[PDB]
Structures are given as structure tokens and as C-alpha cells.
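Reviewing the structure listed below.
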Amino acid sequence: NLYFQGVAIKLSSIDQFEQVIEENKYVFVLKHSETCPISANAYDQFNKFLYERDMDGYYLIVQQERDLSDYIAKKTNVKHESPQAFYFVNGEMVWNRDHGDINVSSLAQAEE
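Count the sequence shown with the entry's author numbering and you get residues -5 to 106, in order.
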């Protein structure tokens, strides 16, 4: 529908992922699948939340970026799911959710 000010920015490498979580104090990252209604619902929630917050966040297409997807799993010790959202504060994970638990209210709770 709308493009939500392009608040969701694609990551294509481990280099960019590390760069992002270093450069930004507060960072949300979404693992997204391109062939999944459940993932699209999560991506929509992700965009609605970020747009309302006036905050950039990041996503990756799991299938296209498996290195990066597995890197995030090892970064957080959280086994891979899709869709799966993470919140990093000063580079350290502090929250994650997957599937239908990714919604505007849970993303908001992550910040509290």
C-alpha cells in the first residue's frame, strides 16, 4: 500500500548488519520470507510501528541472505525462525519475537 517513508531498509551482508547495530543505539531487525503471508503480516506490522515512531529499521530476505540469517542466529543464540524480529540496544540483543508475536504492540513493548 503506502511505503511508510521507506522506514524498513534491506540488509545484504554481515558487514552491514554489524555496521548498523554499531552506528545506531536502538535498532530493530526483521528476518523476512518472501513467499509467506505470515511474514508479510509481520513486515506490515514492522513498517507500521517504525513509521509511527519515525524510526528506521532493517530487514533481510532470509532465503536470499542465508549467511546473514545464520549469522544473526549465532549473534543472539536464538534459533532461526521466519518471520523473526530482534531489538538491539547498543549492539546487544534485548528482545525477540517470531511469527504472529511480531506486531505493533510487541515492538512497542520491546522499547520499555
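Every residue gets a Cβ at the ideal spot worked out from N, C-alpha and C, and that includes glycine.
Using three-state DSSP, classify residue i as helix, strand or coil.
{"i": "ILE66", "result": "helix"}
{"i": "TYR37", "result": "helix"}
{"i": "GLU106", "result": "coil"}
{"i": "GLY85", "result": "coil"}
{"i": "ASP50", "result": "coil"}
Beta-carbon separation of residue i and residue j under 8 Å?
{"i": "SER100", "j": "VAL56", "result": "no"}
{"i": "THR70", "j": "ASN97", "result": "no"}
{"i": "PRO77", "j": "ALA36", "result": "yes"}
{"i": "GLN(-1)", "j": "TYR45", "result": "yes"}
{"i": "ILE32", "j": "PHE82", "result": "no"}
Could you check how far apart the C-beta atoms of residue i and residue j are, in whole angstroms? I think they sit under 8 Å.
{"i": "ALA102", "j": "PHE43", "result": "7 Å"}
{"i": "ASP48", "j": "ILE8", "result": "Going by Cβ atoms, the distance from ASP48 to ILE8 rounds to 28 Å, so no, they are not a contact pair."}
{"i": "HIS93", "j": "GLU75", "result": "7 Å"}
How about residue i: is its Cβ closer than 7 Å to a heavy atom in the ligand PLP?
{"i": "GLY85", "result": "Within the structure as shown, the ligand PLP is missing, as the structure has no ligands at all."}
Task: Secondary structure, alpha helix (DSSP H): runs of 4+ residues fully inside the segment 2 to 35 - done: 8 to 17
- [ ] Determine contact between the segment 40 to 52 and the segment 14 to 23, defined as no fewer than three beta-carbon pairs at a distance below 8 Å.
- [x] yes
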